[PDB]
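Presented below, as structure tokens, is a lone chain in the form deposited in one PDB entry.
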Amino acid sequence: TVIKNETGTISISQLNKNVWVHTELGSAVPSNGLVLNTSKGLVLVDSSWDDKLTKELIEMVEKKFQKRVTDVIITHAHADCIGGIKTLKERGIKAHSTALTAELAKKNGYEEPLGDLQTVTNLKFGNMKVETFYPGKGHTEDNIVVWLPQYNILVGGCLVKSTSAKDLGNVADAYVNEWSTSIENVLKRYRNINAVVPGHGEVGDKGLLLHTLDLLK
């Protein structure tokens, strides 16, 4: 099931009953995030490139599920994750992030996220269980990953590259050398990964991490 706008720049696909992947095209590069349908509202992982697309993504998602987006997990301080921050705060949406993501968001001129996530944080929204983990520096200094224990789905964000992506992308903010260590921790930490959602690209599996470590070699 893949619903999207009239323009084709915002689509949402279903991974499982309550787990969907949202995708928006911007600077055109596709960037994914998650949309979790819970008994107590909708929880998103990552917003979009800007407030226009973020608003629209939210408008869309809420109309479809007839629920309000209560929380969003910002995996890092780049426009494609925290770009719609101003929107989330005028709509009463709680934008969680590590303290680091928050200070770097302010640095890049974005409105500051909550900065509440610890290296390991377990959130439970109604029935949905979410875990955020900070494996260390990689694609960026602050990047974290999301683990849905009930579906064994790992959102690697931009720490994980896609199957046919042979470029690491913007490494000016990246710590190319520590990047590999960080994927090891994710790998060591979660020993029964099923699906893995990359920052840009198709949903893969634990193989996407190995692919990334390969591009880093």
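So that there is no doubt, residue numbering starts at 1 and follows the sequence shown.
Unshown form deposited with a small molecule bound; subsequent notes refer to it.
Remark: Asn170 counts among the residues lining the small molecule in the deposited bound form, judged by a heavy atom distance of 4.5 Å or less. Remark: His200 counts among the residues lining the small molecule in the deposited bound form, judged by a heavy atom distance of 4.5 Å or less.
Although the partner is absent here, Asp80 lies within 4.5 Å of the small molecule in the deposited bound form, judged by heavy atoms. Looking at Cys158, you'd find a heavy atom of it within 4.5 angstroms of the small molecule in the deposited bound form. Heavy atoms within 4.5 Å of the small molecule in the deposited bound form map, among the stretches 124-132, 70-78, 141-149, 98-106, onto 70-78 alone.
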